[PDB]
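Number of protein chains: 4
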Amino acid sequence: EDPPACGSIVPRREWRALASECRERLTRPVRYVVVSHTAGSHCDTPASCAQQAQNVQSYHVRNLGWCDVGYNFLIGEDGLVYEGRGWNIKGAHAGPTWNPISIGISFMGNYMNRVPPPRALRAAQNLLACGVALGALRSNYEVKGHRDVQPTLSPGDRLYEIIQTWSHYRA
Amino acid sequence: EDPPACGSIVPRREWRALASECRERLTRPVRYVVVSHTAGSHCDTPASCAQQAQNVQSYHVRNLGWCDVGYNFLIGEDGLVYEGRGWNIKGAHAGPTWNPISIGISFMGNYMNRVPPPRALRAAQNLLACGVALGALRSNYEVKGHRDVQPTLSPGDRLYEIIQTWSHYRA
Amino acid sequence: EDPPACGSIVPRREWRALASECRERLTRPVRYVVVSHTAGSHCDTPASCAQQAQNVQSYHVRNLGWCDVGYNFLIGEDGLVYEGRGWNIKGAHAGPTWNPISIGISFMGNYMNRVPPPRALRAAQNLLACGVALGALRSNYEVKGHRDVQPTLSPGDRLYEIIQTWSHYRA
Amino acid sequence: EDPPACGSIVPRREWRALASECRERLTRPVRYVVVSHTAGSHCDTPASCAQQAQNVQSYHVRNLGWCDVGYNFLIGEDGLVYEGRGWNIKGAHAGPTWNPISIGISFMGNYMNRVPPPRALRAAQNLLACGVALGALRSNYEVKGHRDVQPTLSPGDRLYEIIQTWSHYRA
Ligand SMILES: O=C(O)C1=C[C@@H](O)[C@@H](O)[C@H](O)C1
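Chains as they are written, first to last, in the entry's author numbering: chain A, 1 to 171; chain B, 1 to 171; chain C, 1 to 171; chain D, 1 to 171.
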């Protein structure tokens, strides 16, 4: 019986997202969070970041044939969180073994030789507390890098060393 | 230091604020929240809004002689919340009767002939919600507008209307 | 690396384990084994022991919110070995420094005031020879007692008394 | 302000503690407090209790190779508190999840079949009031029993029964 507010998320409709066709659910509460980067263009304003959110979803649906944008949430350098598949629907961001048991949040950019700005990290972190607040994440959830669960550079050398310093990181 | 979370607030230092010099403390937990608009330029990128927070504080300090920017928090149209005097230092935004007992948050822009983006409204309500969990804001806080509290056109015709729809609104 | 069907380990399904959620892996051959007891009530039947193994998992999983019962294997007084996290997943039985480089077998019961029956000791030693045959443990593995790596009364005095005699033990 | 005013703690040198080598720090204000018990023998006089603080330390530094005794503070039945790693240094009493986010305080003795004497329970409650005064603990900190976060009988049945009673207990 826990309903009270948490965080601000730019909702699906606001970034003009094509409707989702996904239906398979995740079991509450989820234990894992997998952090990735989109290795795409970065954006630093709400307008440019909505455009970008759109280009990622578009590529995932129109080209890779997924039911919706791959991630559960995306993060913009504008410091805003963008609604992806949400807390309840299984994403498609870290392979068949990890997708069924995790929330995948992806920073929008290529963080190999750049770090995302403090407002991004802050937003990403708020998001997770919120997940815990809503009961979508276990209070003792675990943060993982994309590269820890799949062979990739994601989330980029720099954002990778950053996230290892997070309270909930577990190699 | 401090683990980065509650309602993604842009910290003082991040928006290049001059150091605060106020020492009057506020009585946690506070009953009222007064909404005002700054009546200055509006911005909508994190870059433009930090510069605007900087400009508002500068007018209050260099010109008006105040110990720091008047409001406890500033909400930019970029959808981020800006740390003014915070949850602990008594503000200066609604006169002697109200400053000691209420928390003031201000929307950056003139909202007489305009409304702020949904994201600004989200950052706002979500800032108050994050207040509660601090002890800053009592669970059942009442929200007054600047008009309901002092003879001002603030927070603007159109923004004022919106405010009255809000949940914890006791005029 | 022959094909010996060593050890009669009771499968998770047989004692009715709740599905594990652990994904962390151990690198074989593991160089260490840490012996603890559950400090709890004991069982001398394949029927109570299956139940006790359930109880223990329930504690670690429902109370402590863990990904599975902590030990890799549990030894009952009934003379059988219950599959915990097995030879390949990293247990949670002796801390951050030893978990990654060891396998934790734990005797069901409290052995401060009793030695565990010869069949339990036999289950344990055969368990270990078995691990060596599968190549999961180094032929020259070292056996430490729980209290030798973490502050605890575990594995119990009498049993600590016994494991110190064991060929593979090492201060 | 009502000037600090808290605790009569027997410092490290007074009990002769080996120089600490631990460097990793806690960030204040700390939110959780974990109550354990030494599980070993008790002590009811200053030199008697100062003798144990030294033993317990020796066991953790000499036998397990740690940088300093495990707990932040120990409670003798002489009714004194003994300095452990204190308020600022990360302890080693409840695992990698809770160590970096709590203060571990352990009663010297085994409270399975007995309770600490009023003096001891006062020394502990007073210790915590103090931590809050010094701003080393959140004013709304939570007290957890060792067994609530690690598998162990610590702090013993009867003491566990006692802390469940405490104002800041939460499981
Ligand atoms: O100051 C704090 O540590 C916090 C307290 C809670 O309200 C949380 O909801 C917040 O994210 C962090």
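Note that the Cβ used here is the ideal one computed from N, Cα and C, for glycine as well.
Among the options, the one whose alpha carbon lies nearest that of residue i
{"i": "A:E14", "options": "A:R28, A:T38, A:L80, A:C43", "result": "A:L80"}
{"i": "B:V35", "options": "B:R138, B:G109, B:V132, B:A133", "result": "B:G109"}
{"i": "C:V149", "options": "C:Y32, C:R28, C:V10, C:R25", "result": "C:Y32"}
{"i": "B:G65", "options": "B:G131, B:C22, B:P29", "result": "B:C22"}
{"i": "D:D2", "options": "D:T152, D:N88, D:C130, D:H37", "result": "D:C130"}
{"i": "A:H168", "options": "A:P155, A:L153, A:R147, A:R138", "result": "A:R138"}
{"i": "B:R62", "options": "B:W87, B:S20, B:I103, B:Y82", "result": "B:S20"}
{"i": "D:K144", "options": "D:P11, D:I103, D:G7", "result": "D:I103"}
{"i": "C:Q51", "options": "C:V10, C:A5, C:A123", "result": "C:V10"}
{"i": "A:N72", "options": "A:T152, A:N55, A:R12, A:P118", "result": "A:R12"}
{"i": "D:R170", "options": "D:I89, D:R147, D:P96, D:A53", "result": "D:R147"}
{"i": "B:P4", "options": "A:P4, A:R25, A:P118", "result": "A:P118"}
{"i": "C:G95", "options": "C:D157, C:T152, C:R158", "result": "C:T152"}
Neighbourhood of residue i by C-beta distance below 7 Å, restricted to the same chain and skipping five residues each side
{"i": "A:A92", "result": "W66, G70, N99"}
{"i": "A:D78", "result": "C43, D44, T45, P46, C49"}
{"i": "C:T27", "result": "none"}
{"i": "B:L128", "result": "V33, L137, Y141"}
{"i": "D:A123", "result": "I75, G79, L80, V81"}
{"i": "B:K90", "result": "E24, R25, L26, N99, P100"}
{"i": "A:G86", "result": "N72"}
Residues bridged to residue i (per DSSP)
{"i": "D:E83", "result": "D:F73"}
{"i": "A:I163", "result": "A:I163 is not bridged to any residue."}
{"i": "D:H37", "result": "D:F107"}
{"i": "A:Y32", "result": "A:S102, A:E142"}
{"i": "C:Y169", "result": "C:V143"}
{"i": "D:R25", "result": "D:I89"}
{"i": "C:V10", "result": "C:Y82"}
{"i": "C:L127", "result": "Answer is none; C:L127 lacks a bridge partner."}
{"i": "B:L137", "result": "B:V30"}
Contact belief for residue i with residue j at Cβ below 8 Å, rounded distance in angstroms
{"i": "B:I101", "j": "B:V30", "result": "6 Å"}
{"i": "C:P155", "j": "C:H37", "result": "5 Å"}
{"i": "D:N126", "j": "D:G7", "result": "7 Å"}
Beta-carbon contacts of residue i that lie in its chain and below 8 Å, excluding the five residues immediately before and after
{"i": "B:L121", "result": "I162"}
{"i": "D:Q54", "result": "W15, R16, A17"}
{"i": "D:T97", "result": "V149"}
{"i": "B:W166", "result": "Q125, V143"}
Other residues of its chain near residue i: CB distance less than 6 Å, five sequence neighbours each side excluded
{"i": "A:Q57", "result": "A17, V69"}
{"i": "A:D157", "result": "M112"}
{"i": "B:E83", "result": "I9, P11, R12"}
{"i": "B:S106", "result": "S36, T38, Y71, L74"}
(message) For the segment 142 to 162 of chain A against the segment 42 to 51 of chain A, do three or more pairs of beta-carbon atoms, one drawn from each stretch, fall closer than 8 Å, so that the two count as touching?
(response) no
(message) Whether or not the segment 133 to 141 of chain B and the segment 110 to 118 of chain B are in contact is what I'm after, with contact meaning three or more pairs of Cβ atoms, one per stretch, closer than 8 Å; do they touch?
(response) no
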